Amino acid sequence: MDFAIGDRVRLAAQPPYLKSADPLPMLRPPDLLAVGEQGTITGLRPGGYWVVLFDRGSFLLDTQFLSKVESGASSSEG
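Last residue of the sequence shown: number 59 in our numbering, and the count goes up by one each step with no gaps.
As structure tokens, then:
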């Protein structure tokens, strides 16, 4: 390993509604990630949510797709 997570977050088709309800204040800012794809995920294990830490910083998200590999193959390269 290296990042210690076993689950890396990345892009995978624009998110439907990202936010699950009303967690973080980031619902739809004038400048979202759109570049912070590659990131680390450390959710569920501790509680039952999902956290993606990328260049941009770190925001809440769901197992959907955007910023959360999971699918094991959700990308189109550069």
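Even for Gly, the Cβ is constructed at its ideal location relative to N, Cα and C.
Residue of the options minimising C-alpha distance to residue i
i	options	result
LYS49	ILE(-14), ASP(-17), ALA(-15), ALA(-7)	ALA(-7)
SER1	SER55, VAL16, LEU47, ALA15	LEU47
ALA15	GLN(-5), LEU42, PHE(-16), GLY53	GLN(-5)
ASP12	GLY38, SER57, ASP43	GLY38
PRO10	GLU18, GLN19, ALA54, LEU(-1)	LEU(-1)
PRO6	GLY59, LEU41, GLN45	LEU41
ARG26	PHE(-16), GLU18, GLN45, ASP(-12)	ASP(-12)
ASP(-17)	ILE22, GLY53, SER52	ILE22
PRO4	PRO(-3), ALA(-15), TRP31	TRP31
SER55	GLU18, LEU34, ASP36	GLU18
Run of the beta strand (DSSP E) containing residue i, from where it starts to where it stops
i	result
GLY20	20 to 22
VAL32	32 to 34
Neighbour-count burial assignment, residue i, 16 or more Cβ in a 10 Å radius
i	result
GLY24	buried
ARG(-9)	buried
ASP43	buried
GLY20	buried
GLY28	exposed
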